[PDB]
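Encoded as C-alpha coordinates, the structure appears first; notes follow it.
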Amino acid sequence: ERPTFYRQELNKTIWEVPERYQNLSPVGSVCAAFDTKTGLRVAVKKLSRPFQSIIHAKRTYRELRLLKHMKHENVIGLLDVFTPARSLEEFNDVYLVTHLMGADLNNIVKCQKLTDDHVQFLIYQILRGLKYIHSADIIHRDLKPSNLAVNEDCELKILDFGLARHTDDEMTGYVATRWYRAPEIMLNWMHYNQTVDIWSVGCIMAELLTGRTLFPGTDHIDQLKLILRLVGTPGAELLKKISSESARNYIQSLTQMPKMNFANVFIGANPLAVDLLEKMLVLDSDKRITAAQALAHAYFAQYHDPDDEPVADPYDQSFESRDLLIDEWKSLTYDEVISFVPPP
Ligand SMILES: Cc1ccccc1-c1c(N)c(C(=O)c2ccc(F)cc2F)cc[n+]1[O-]
(Lines give C-alpha, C1' and ligand atoms only; values in the text may rest on other atoms or scores of the structure.)
Protein backbone atom coordinates (compact mmCIF):
# COMPACT_ATOMS: atom_id res chain seq x y z
CA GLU A 1 0.00 0.00 0.00
CA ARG A 2 2.96 2.32 -0.55
CA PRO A 3 1.86 4.08 -3.73
CA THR A 4 4.07 4.57 -6.76
CA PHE A 5 5.73 7.97 -6.94
CA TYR A 6 6.93 9.81 -10.03
CA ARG A 7 9.59 12.50 -10.38
CA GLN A 8 9.27 15.95 -11.91
CA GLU A 9 11.13 19.32 -11.90
CA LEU A 10 9.02 22.31 -10.81
CA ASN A 11 10.01 25.56 -9.00
CA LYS A 12 13.72 24.88 -9.56
CA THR A 13 13.17 21.58 -7.71
CA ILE A 14 12.46 17.85 -7.95
CA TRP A 15 8.91 17.04 -6.87
CA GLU A 16 8.33 13.35 -6.21
CA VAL A 17 4.63 12.65 -5.66
CA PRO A 18 2.19 9.71 -5.88
CA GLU A 19 0.71 9.03 -9.35
CA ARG A 20 -2.73 9.90 -8.08
CA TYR A 21 -1.63 13.56 -8.39
CA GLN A 22 -1.51 14.73 -11.97
CA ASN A 23 -0.99 17.95 -13.95
CA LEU A 24 1.16 19.72 -11.37
CA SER A 25 1.65 23.41 -12.13
CA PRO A 26 3.30 26.14 -9.99
CA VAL A 27 0.97 28.47 -8.17
CA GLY A 28 7.46 26.01 0.56
CA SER A 29 6.50 26.11 -3.12
CA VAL A 30 2.90 25.27 -4.01
CA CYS A 31 1.52 23.45 -7.08
CA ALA A 32 -2.06 23.10 -8.24
CA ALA A 33 -2.82 19.52 -9.15
CA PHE A 34 -5.68 17.21 -9.92
CA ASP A 35 -6.24 14.38 -7.43
CA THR A 36 -7.42 11.41 -9.50
CA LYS A 37 -8.46 9.44 -6.43
CA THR A 38 -10.88 12.10 -5.02
CA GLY A 39 -11.74 14.06 -8.17
CA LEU A 40 -10.76 17.29 -6.39
CA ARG A 41 -8.54 20.15 -7.50
CA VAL A 42 -5.83 20.22 -4.80
CA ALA A 43 -2.99 22.44 -3.65
CA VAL A 44 0.25 20.59 -2.88
CA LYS A 45 2.92 22.34 -0.77
CA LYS A 46 6.48 21.01 -0.67
CA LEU A 47 8.28 22.20 2.46
CA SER A 48 11.81 23.56 1.92
CA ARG A 49 14.45 22.17 4.26
CA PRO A 50 11.96 21.18 6.95
CA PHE A 51 14.68 19.77 9.23
CA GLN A 52 17.69 22.08 8.62
CA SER A 53 17.64 23.46 12.21
CA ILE A 54 15.95 22.90 15.59
CA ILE A 55 13.68 25.88 14.79
CA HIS A 56 12.56 24.64 11.36
CA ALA A 57 12.16 21.04 12.58
CA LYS A 58 9.79 22.34 15.26
CA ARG A 59 8.02 24.57 12.67
CA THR A 60 7.50 21.63 10.32
CA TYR A 61 6.10 19.61 13.21
CA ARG A 62 3.94 22.53 14.30
CA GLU A 63 2.57 23.08 10.79
CA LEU A 64 1.74 19.37 10.39
CA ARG A 65 0.15 19.02 13.85
CA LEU A 66 -1.93 22.12 13.14
CA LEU A 67 -3.02 21.03 9.65
CA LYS A 68 -3.75 17.49 10.88
CA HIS A 69 -6.03 18.91 13.57
CA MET A 70 -8.35 21.08 11.45
CA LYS A 71 -11.46 19.44 10.10
CA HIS A 72 -13.74 22.33 9.22
CA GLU A 73 -15.23 23.74 6.00
CA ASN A 74 -13.80 27.24 6.72
CA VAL A 75 -10.32 26.15 7.75
CA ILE A 76 -7.66 24.76 5.42
CA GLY A 77 -6.97 21.15 6.45
CA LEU A 78 -5.18 18.08 5.05
CA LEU A 79 -6.59 15.80 2.38
CA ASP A 80 -3.18 14.11 2.29
CA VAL A 81 0.38 14.31 3.54
CA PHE A 82 3.19 12.16 2.10
CA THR A 83 6.91 11.64 1.77
CA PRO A 84 8.78 9.58 -0.85
CA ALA A 85 10.83 8.12 2.06
CA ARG A 86 10.51 4.45 2.96
CA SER A 87 12.00 4.83 6.45
CA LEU A 88 12.83 7.49 9.10
CA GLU A 89 16.55 7.31 8.31
CA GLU A 90 15.96 8.42 4.71
CA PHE A 91 12.99 10.68 5.61
CA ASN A 92 13.72 14.19 4.34
CA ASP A 93 10.80 15.81 2.48
CA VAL A 94 7.23 16.55 3.54
CA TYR A 95 4.38 17.33 1.11
CA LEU A 96 1.05 18.63 2.35
CA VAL A 97 -2.17 18.49 0.36
CA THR A 98 -5.35 20.52 0.70
CA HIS A 99 -8.23 21.82 -1.40
CA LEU A 100 -7.23 24.19 -4.22
CA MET A 101 -9.05 27.46 -3.66
CA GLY A 102 -6.91 29.37 -6.17
CA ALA A 103 -7.22 33.00 -4.97
CA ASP A 104 -7.04 34.98 -1.72
CA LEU A 105 -9.39 37.70 -0.42
CA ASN A 106 -7.32 40.47 -2.14
CA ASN A 107 -7.46 38.76 -5.54
CA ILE A 108 -11.20 39.66 -5.39
CA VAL A 109 -11.72 42.74 -3.17
CA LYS A 110 -8.75 45.22 -2.78
CA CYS A 111 -9.99 48.82 -3.58
CA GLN A 112 -13.63 47.54 -3.86
CA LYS A 113 -16.73 48.37 -1.81
CA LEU A 114 -18.75 45.07 -1.85
CA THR A 115 -22.51 44.41 -1.41
CA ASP A 116 -23.79 43.94 2.15
CA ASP A 117 -24.66 40.29 1.57
CA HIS A 118 -21.26 39.40 0.12
CA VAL A 119 -19.72 40.98 3.26
CA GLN A 120 -22.26 39.06 5.38
CA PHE A 121 -21.29 35.76 3.79
CA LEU A 122 -17.49 36.19 3.85
CA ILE A 123 -17.35 37.45 7.42
CA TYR A 124 -19.79 34.74 8.61
CA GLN A 125 -17.38 32.12 7.19
CA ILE A 126 -14.35 33.69 8.85
CA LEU A 127 -16.17 33.85 12.19
CA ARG A 128 -17.44 30.28 11.70
CA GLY A 129 -13.88 28.92 11.20
CA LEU A 130 -12.58 31.17 14.00
CA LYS A 131 -15.08 29.69 16.50
CA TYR A 132 -13.74 26.30 15.48
CA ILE A 133 -10.07 27.37 15.67
CA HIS A 134 -10.55 29.23 18.98
CA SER A 135 -12.52 26.29 20.50
CA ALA A 136 -9.29 24.26 20.14
CA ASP A 137 -7.44 27.01 22.08
CA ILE A 138 -5.55 27.89 18.88
CA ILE A 139 -4.80 31.52 17.99
CA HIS A 140 -4.35 32.41 14.33
CA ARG A 141 -2.59 35.66 15.23
CA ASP A 142 -1.77 36.89 11.68
CA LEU A 143 -5.25 36.99 10.16
CA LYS A 144 -5.51 39.19 7.06
CA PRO A 145 -6.96 39.12 3.51
CA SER A 146 -3.97 37.20 2.12
CA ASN A 147 -4.48 34.41 4.71
CA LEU A 148 -8.04 33.92 3.54
CA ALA A 149 -8.38 31.46 0.66
CA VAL A 150 -11.44 31.98 -1.44
CA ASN A 151 -12.86 30.36 -4.60
CA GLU A 152 -15.36 31.57 -7.26
CA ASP A 153 -18.36 30.59 -5.15
CA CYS A 154 -17.13 33.04 -2.41
CA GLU A 155 -16.46 29.97 -0.23
CA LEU A 156 -13.71 30.74 2.22
CA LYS A 157 -11.00 28.84 4.11
CA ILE A 158 -8.57 30.23 6.69
CA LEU A 159 -4.86 29.61 5.98
CA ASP A 160 -1.59 29.83 7.94
CA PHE A 161 -3.10 29.75 11.47
CA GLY A 162 -0.74 29.12 14.41
CA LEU A 163 2.61 30.06 12.85
CA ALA A 164 4.42 32.89 14.75
CA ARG A 165 7.32 33.65 12.38
CA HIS A 166 7.30 37.22 10.91
CA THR A 167 10.59 39.16 11.08
CA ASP A 168 10.92 42.82 12.11
CA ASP A 169 11.61 44.15 8.58
CA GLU A 170 8.44 42.41 7.31
CA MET A 171 6.43 44.42 9.91
CA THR A 172 8.11 47.81 9.21
CA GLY A 173 6.73 50.78 7.26
CA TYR A 174 3.59 51.13 5.12
CA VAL A 175 2.89 47.39 4.88
CA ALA A 176 -0.21 45.16 4.78
CA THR A 177 1.59 42.76 7.11
CA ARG A 178 0.82 44.95 10.18
CA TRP A 179 -2.45 46.74 9.29
CA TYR A 180 -4.78 44.05 10.69
CA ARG A 181 -2.82 43.49 13.91
CA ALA A 182 -4.39 44.21 17.28
CA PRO A 183 -2.62 47.03 19.06
CA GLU A 184 -1.77 44.85 22.11
CA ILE A 185 0.22 42.43 19.90
CA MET A 186 1.59 45.13 17.56
CA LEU A 187 3.31 46.91 20.46
CA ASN A 188 3.71 43.84 22.75
CA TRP A 189 1.53 45.26 25.50
CA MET A 190 0.91 41.88 27.11
CA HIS A 191 0.88 38.12 26.70
CA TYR A 192 -1.97 38.30 24.23
CA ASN A 193 -4.80 35.82 23.62
CA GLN A 194 -7.36 34.77 20.99
CA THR A 195 -9.32 38.04 20.99
CA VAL A 196 -6.51 39.48 18.77
CA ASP A 197 -8.07 37.55 15.87
CA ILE A 198 -11.42 39.35 16.38
CA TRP A 199 -9.61 42.70 16.02
CA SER A 200 -8.29 41.44 12.63
CA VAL A 201 -11.75 40.35 11.49
CA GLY A 202 -13.05 43.92 12.23
CA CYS A 203 -10.24 45.42 10.16
CA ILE A 204 -11.09 43.05 7.29
CA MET A 205 -14.85 43.60 7.54
CA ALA A 206 -14.44 47.39 7.58
CA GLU A 207 -12.29 47.18 4.43
CA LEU A 208 -14.85 45.02 2.61
CA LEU A 209 -17.53 47.62 3.42
CA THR A 210 -15.59 50.76 2.48
CA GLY A 211 -13.08 49.50 -0.09
CA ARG A 212 -10.30 51.01 2.03
CA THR A 213 -7.72 49.81 4.55
CA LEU A 214 -9.03 50.76 8.03
CA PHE A 215 -5.67 51.45 9.73
CA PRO A 216 -3.07 51.99 6.93
CA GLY A 217 -0.28 53.06 9.27
CA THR A 218 3.09 54.16 7.86
CA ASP A 219 4.83 52.64 10.93
CA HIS A 220 3.81 51.11 14.30
CA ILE A 221 3.31 54.52 15.98
CA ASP A 222 1.44 56.09 13.08
CA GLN A 223 -0.82 52.99 13.07
CA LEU A 224 -1.45 53.21 16.83
CA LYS A 225 -2.49 56.84 16.34
CA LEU A 226 -4.97 55.89 13.61
CA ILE A 227 -6.42 53.21 15.88
CA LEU A 228 -6.76 55.40 19.03
CA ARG A 229 -8.34 58.15 16.99
CA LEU A 230 -11.15 55.76 15.97
CA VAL A 231 -11.57 53.79 19.22
CA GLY A 232 -10.41 56.28 21.86
CA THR A 233 -7.37 56.32 24.11
CA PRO A 234 -7.13 53.69 26.92
CA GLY A 235 -9.14 54.28 30.11
CA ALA A 236 -7.69 53.55 33.54
CA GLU A 237 -8.83 49.93 33.72
CA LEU A 238 -7.05 48.93 30.50
CA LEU A 239 -3.84 50.78 31.44
CA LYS A 240 -3.36 48.55 34.51
CA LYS A 241 -3.57 45.45 32.30
CA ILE A 242 -0.69 46.68 30.15
CA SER A 243 1.96 44.70 32.02
CA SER A 244 4.59 46.42 29.82
CA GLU A 245 5.66 49.45 31.88
CA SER A 246 7.39 50.94 28.84
CA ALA A 247 4.23 50.65 26.68
CA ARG A 248 2.01 51.91 29.53
CA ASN A 249 4.30 54.89 30.02
CA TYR A 250 4.11 55.89 26.32
CA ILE A 251 0.30 55.60 26.14
CA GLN A 252 -0.05 57.92 29.15
CA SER A 253 1.90 60.55 27.19
CA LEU A 254 -0.88 60.75 24.58
CA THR A 255 -3.64 63.38 24.58
CA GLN A 256 -6.83 61.62 25.70
CA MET A 257 -9.31 61.12 22.82
CA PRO A 258 -12.90 59.85 22.92
CA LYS A 259 -14.15 56.93 20.82
CA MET A 260 -15.55 58.24 17.49
CA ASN A 261 -19.09 57.63 16.29
CA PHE A 262 -18.97 54.57 14.00
CA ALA A 263 -22.15 55.68 12.18
CA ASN A 264 -20.31 58.80 10.97
CA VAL A 265 -17.18 56.84 9.98
CA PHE A 266 -18.87 54.07 7.99
CA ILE A 267 -21.45 56.31 6.30
CA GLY A 268 -24.32 54.44 4.68
CA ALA A 269 -23.41 50.98 5.99
CA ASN A 270 -25.90 48.55 7.48
CA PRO A 271 -26.43 49.63 11.15
CA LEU A 272 -26.02 46.00 12.20
CA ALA A 273 -22.60 45.99 10.42
CA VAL A 274 -21.68 49.18 12.27
CA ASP A 275 -22.94 47.77 15.58
CA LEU A 276 -20.90 44.58 15.01
CA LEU A 277 -17.74 46.51 14.10
CA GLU A 278 -18.22 48.41 17.40
CA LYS A 279 -18.15 45.13 19.31
CA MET A 280 -15.16 43.87 17.31
CA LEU A 281 -12.96 46.98 17.38
CA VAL A 282 -12.71 47.49 21.13
CA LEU A 283 -9.32 48.44 22.48
CA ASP A 284 -9.51 46.26 25.63
CA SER A 285 -9.18 42.66 24.41
CA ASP A 286 -11.08 41.36 27.47
CA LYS A 287 -14.23 43.15 26.28
CA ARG A 288 -14.18 42.27 22.55
CA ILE A 289 -16.99 40.13 21.17
CA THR A 290 -15.87 36.50 20.63
CA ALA A 291 -16.37 34.45 17.46
CA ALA A 292 -19.17 32.40 19.06
CA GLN A 293 -21.00 35.50 20.28
CA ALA A 294 -20.61 37.33 16.95
CA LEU A 295 -22.14 34.37 15.01
CA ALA A 296 -25.32 34.88 17.05
CA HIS A 297 -25.41 38.62 16.14
CA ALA A 298 -28.35 39.92 14.05
CA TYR A 299 -26.03 40.89 11.13
CA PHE A 300 -25.78 37.15 10.33
CA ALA A 301 -29.49 36.20 10.79
CA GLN A 302 -29.66 35.01 7.13
CA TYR A 303 -26.66 32.61 7.57
CA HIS A 304 -26.54 31.79 11.29
CA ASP A 305 -27.39 28.24 12.25
CA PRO A 306 -26.37 27.06 15.73
CA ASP A 307 -26.60 23.39 14.68
CA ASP A 308 -24.06 23.86 11.88
CA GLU A 309 -21.35 25.86 13.65
CA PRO A 310 -19.18 23.11 15.01
CA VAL A 311 -16.43 23.31 17.56
CA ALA A 312 -13.16 21.37 17.52
CA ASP A 313 -11.82 18.55 19.58
CA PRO A 314 -9.17 19.81 22.01
CA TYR A 315 -5.70 20.52 20.61
CA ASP A 316 -2.73 19.21 22.60
CA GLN A 317 -0.03 21.87 22.18
CA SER A 318 1.96 20.73 25.21
CA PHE A 319 4.77 20.21 22.66
CA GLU A 320 5.27 23.99 22.33
CA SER A 321 6.83 24.13 25.81
CA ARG A 322 9.03 21.15 24.91
CA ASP A 323 12.75 21.46 24.09
CA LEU A 324 13.89 18.75 21.70
CA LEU A 325 16.73 17.97 19.33
CA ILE A 326 16.36 18.21 15.52
CA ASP A 327 16.05 14.47 15.00
CA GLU A 328 13.44 14.05 17.77
CA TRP A 329 11.30 16.68 16.05
CA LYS A 330 11.95 14.80 12.77
CA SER A 331 10.85 11.51 14.34
CA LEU A 332 7.69 13.06 15.79
CA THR A 333 7.10 14.57 12.32
CA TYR A 334 7.58 11.17 10.62
CA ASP A 335 5.15 9.53 13.11
CA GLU A 336 2.51 12.14 12.19
CA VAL A 337 3.18 11.66 8.45
CA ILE A 338 2.84 7.87 8.67
CA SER A 339 -0.17 7.89 11.08
CA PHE A 340 -2.25 10.10 8.82
CA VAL A 341 -5.75 8.90 7.98
CA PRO A 342 -7.47 10.64 5.07
CA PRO A 343 -10.99 11.98 5.58
CA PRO A 344 -14.13 10.53 3.96
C1 LIG B 1 -4.65 30.93 -1.54
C2 LIG B 1 -4.12 30.55 -2.90
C3 LIG B 1 -4.07 31.53 -3.88
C4 LIG B 1 -3.58 31.23 -5.15
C5 LIG B 1 -3.13 29.93 -5.44
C6 LIG B 1 -3.18 28.95 -4.45
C7 LIG B 1 -3.67 29.26 -3.18
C8 LIG B 1 -3.68 28.18 -2.15
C9 LIG B 1 -2.57 28.00 -1.34
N10 LIG B 1 -1.49 28.83 -1.48
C11 LIG B 1 -2.58 26.98 -0.38
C12 LIG B 1 -1.44 26.72 0.57
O13 LIG B 1 -0.56 27.56 0.70
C14 LIG B 1 -1.38 25.44 1.35
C15 LIG B 1 -1.59 25.42 2.72
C16 LIG B 1 -1.53 24.22 3.42
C17 LIG B 1 -1.25 23.04 2.75
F18 LIG B 1 -1.19 21.85 3.39
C19 LIG B 1 -1.03 23.05 1.39
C20 LIG B 1 -1.10 24.25 0.69
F21 LIG B 1 -0.89 24.23 -0.64
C22 LIG B 1 -3.70 26.19 -0.28
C23 LIG B 1 -4.77 26.40 -1.13
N24 LIG B 1 -4.74 27.36 -2.03
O25 LIG B 1 -5.89 27.52 -2.86
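Each answer follows from the model by the rule given with it, or from the source it names; nothing here is a laboratory result. For neighbour counting, all protein chains shown are included, and Cβ atoms are generated from backbone atoms with ideal geometry for every residue, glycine included.
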Exercise for review: Tell me, please, whether a residue that is hydroxyl-bearing (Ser, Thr, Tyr), assigned to a helix (DSSP H, G or I) and touching a helix residue (DSSP H, G or I) at 6+ places or on another chain (Cβ under 6 Å) can be found in the range 244-252.
Suggested key: no
Revision key, fill the gap. Pairs returned, first residue in the range 145-163 that is charged (D, E, K, R), second residue that is more than 8 Å from the ligand (Cβ to nearest atom) and in a helix (DSSP H, G or I), beta-carbon separation under 8 angstrom, 6 or more apart or interchain, are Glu155/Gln125; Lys157/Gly129; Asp160/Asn147
Review point. Just for the range 231-247: of the residues that are crowded, with 17+ Cβ neighbours inside 10 Å and of a type outside the set (S, T, N, Q), which one is nearest to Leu130 (Cα to Cα)?
Key: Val231
Practice item. Could you check, for the range 199-222, whether at least one of its residues is buried (at least 21 other Cβ atoms within 10 Å of the Cβ), of a type in the set (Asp, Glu) and assigned to a helix (DSSP H, G or I)? Key: yes
Exercise for review: Check the range 115-124 and report whether any residue there is assigned by CATH to the domain that holds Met205, in a strand (DSSP E or B), within 16 Å of the ligand (Cβ to nearest atom) and crowded, with 18+ Cβ neighbours inside 10 Å.
Suggested key: no
Review point. Here are some residues: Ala164, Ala149. Which one is outside any helix (DSSP H, G or I) and more than 23 Å from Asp35 (Cβ to Cβ)?
Key: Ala164
Study note, to complete from the structure: Going through the range 145-164 in order, the residues found to be away from the ligand (no atom under 11 Å from the Cβ), touching a helix residue (DSSP H, G or I) at 6+ places or on another chain (Cβ under 6 Å) and acidic (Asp, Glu) are none
Check your understanding: If a residue has to be surrounded by fewer than 18 Cβ atoms within 10 Å (Cβ to Cβ) and over 15 Å from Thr213 (Cα atoms) to count, how many in the range 125-146 make the cut?
Key -> 1
Practice item. Look through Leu148, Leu127, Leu159, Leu143 and report the one residue that is of a type outside the set (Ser, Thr, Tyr) and in contact with a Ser or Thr (Cβ under 6 Å, 6 or more places away or on another chain). Key: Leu143
Study note, to complete from the structure: Filtering the range 14-73 for residues that are farther than 27 Å from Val311 by Cα and of a type outside the set (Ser, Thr, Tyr) leaves a count of 31
Check your understanding: Across the range 44-63, what is the total count of residues that are in contact with a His (Cβ under 7 Å, 6 or more places away or on another chain) and within 14 Å of the ligand (Cβ to nearest atom)?
Key -> 1
Exercise for review: Show the residue pairs that are 6+ apart or on different chains and have beta-carbon atoms under 6 Å apart, the first residue being within the range 284-304 and buried (at least 17 other Cβ atoms within 10 Å of the Cβ), the second being of a type in the set (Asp, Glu) and in a loop (DSSP other than H, G, I, E, B).
Suggested key: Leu295/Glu309
Point to revise | Filtered residue count, the range 27-39, keeping only those that are touching a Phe, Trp or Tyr at 6+ places or on another chain (Cβ under 8 Å) and either more than 9 Å from the ligand (Cβ to nearest atom) or aliphatic (A, V, I, L, M) (or both) | key: 4
Review point. Which of the residues that make up the range 1-25 are under 26 Å from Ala57 (Cβ atoms), within 28 Å of the chain's Cα centre (by Cα) and in a strand (DSSP E or B)?
Key: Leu10, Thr13, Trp15, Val17, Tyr21
Check your understanding: Is it fair to say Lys131 is away from the ligand (no atom under 16 Å from the Cβ), closer than 20 Å to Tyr250 by Cβ and basic (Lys, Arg)?
Key -> no
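Yes or no, residue by residue, for (1) in the same structural domain as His118 (by CATH); (2) in contact with a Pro (Cβ under 9 Å, 6 or more places away or on another chain); (3) of a type in the set (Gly, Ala, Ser):
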position	(1), (2), (3)
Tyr250	yes, no, no
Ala269	yes, no, yes
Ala273	yes, no, yes
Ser331	no, no, yes
Check your understanding: What's the number of the condition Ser339 fails, among (1) farther than 22 Å from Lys58 by Cα; (2) loosely packed, with under 15 Cβ neighbours inside 10 Å; (3) of a type in the set (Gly, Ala, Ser)?
Key -> (1)
Check your understanding: In the range 69-111, what count of residues is obtained for those that are within 10 Å of the ligand (Cβ to nearest atom), in contact with an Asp or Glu (Cβ under 9 Å, 6 or more places away or on another chain) and not in a loop (DSSP other than H, G, I, E, B)?
Key -> 7
